[PDB]
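The chain below stands alone and is given in structure tokens; this is the form deposited in one PDB entry.
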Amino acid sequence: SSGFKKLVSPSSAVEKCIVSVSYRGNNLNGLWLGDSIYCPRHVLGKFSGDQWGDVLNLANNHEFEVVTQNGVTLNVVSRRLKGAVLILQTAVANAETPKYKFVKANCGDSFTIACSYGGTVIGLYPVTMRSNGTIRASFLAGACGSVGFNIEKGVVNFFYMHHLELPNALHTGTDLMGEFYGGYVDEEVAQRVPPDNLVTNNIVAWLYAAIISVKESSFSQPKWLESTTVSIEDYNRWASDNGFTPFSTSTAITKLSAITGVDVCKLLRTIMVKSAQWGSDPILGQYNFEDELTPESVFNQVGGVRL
């Protein structure tokens, strides 16, 4: 095991914003910021297609039961839909809304999931936005509405809101503008589950981690680190045909290429070599690629290494 962890953001500023939203026997989590509550529209019931708007018109404000964790019932005074997200307006604002921002997550981007049940955050864990717009989480009945976020420069960044479980340990949701990741629908129908490639830039960061942690107690470089390079332009051609995302320039990647000495390309060739066939000498104890440790996460933890 390494000293390079998949860090989670502290949840103080988010917990204050999570509430439960109930509508005619349906229950899930909502996100309270200002005088707006964001939650998945299916709290309205098992609908589909163009039914939502009609259902909303027929639904009534007072039928939406919203309760804070402190046991306070909030009154709803207006309702609307943005994409697959229902935004309920509260009579009074959340006095402790933090500085926040709705951002769209890319492939590889990592963030924290506030696993919630009944409006209460019961746990946290990191996840990465896969290539097929899904994420690998640990949700249970009622987890719907849980948000994905991180904290950067004192601003809460909301990237995700959980909507449903696509069979087999997979889940999907929207950003906070209401746009589903990928293009899956909040329905119980088809699961055209697209390609989930292994993120290349996270492998690079992870390899830079193994190298760094190995150098701390050895003189010799890892027995799996190739000496021959390959081109950025070249790796991609191989990636698309083998299930790997396209390598992209990253300041974080740069930062620690200049610190370890190794070059990204020696690492890329390593990916090819070990992908085609993994030897019998593990990287950080593993005989399989680590896909969710990001360049930024590795760089931020490197400082703690004994010089």
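All residue numbers refer to positions in the sequence shown, first residue = 1.
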Comparing 215 to 223 with 79 to 87, the higher average Cα temperature factor in the PDB entry belongs to 215 to 223
Mean C-alpha B-factor higher for 194 to 202, or for 108 to 116?
-> 194 to 202
Considering only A59, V43, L31, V262, which residue's Cα atom bears the greatest B-factor as recorded?
-> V262
For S48, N242, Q69, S36, the deposited C-alpha B-factor is largest at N242
Relative to the other modelled residues in the chain, which third contains the C-alpha temperature factor of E152: lowest, middle or highest?
-> middle
Ranked by Cα temperature factor within the chain, is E15 in the lowest third, the middle third or the highest third?
-> lowest
Record-listed C-alpha B factor of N288: chain third | highest
Relative C-alpha B-factor of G173, binned into the chain's lowest, middle or highest third | lowest
For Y184, the third of its chain by CA B-factor is the highest
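The form solved in complex with a partner chain is left out here; the points below concern that form.
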Find out whether any non-hydrogen atom of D175 is located within 4.5 angstroms of its partner chain in the deposited complex, and reply yes or no.
-> no
Verify the contact flag for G83: yes if a non-hydrogen atom of it lies within 4.5 Å of a non-hydrogen atom of its partner chain in the deposited complex, no if not.
-> no
Are any of the heavy atoms in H62 no more than 4.5 Å from a heavy atom of its partner chain in the deposited complex?
-> no
Given that the partner is absent here, does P98 sit within 4.5 Å of its partner chain in the deposited complex, heavy atoms only?
-> no
Which of 223 to 231, 187 to 195, 71 to 79, 84 to 92 lies within 4.5 Å of its partner chain in the deposited complex, heavy atoms considered? The stretch 187 to 195
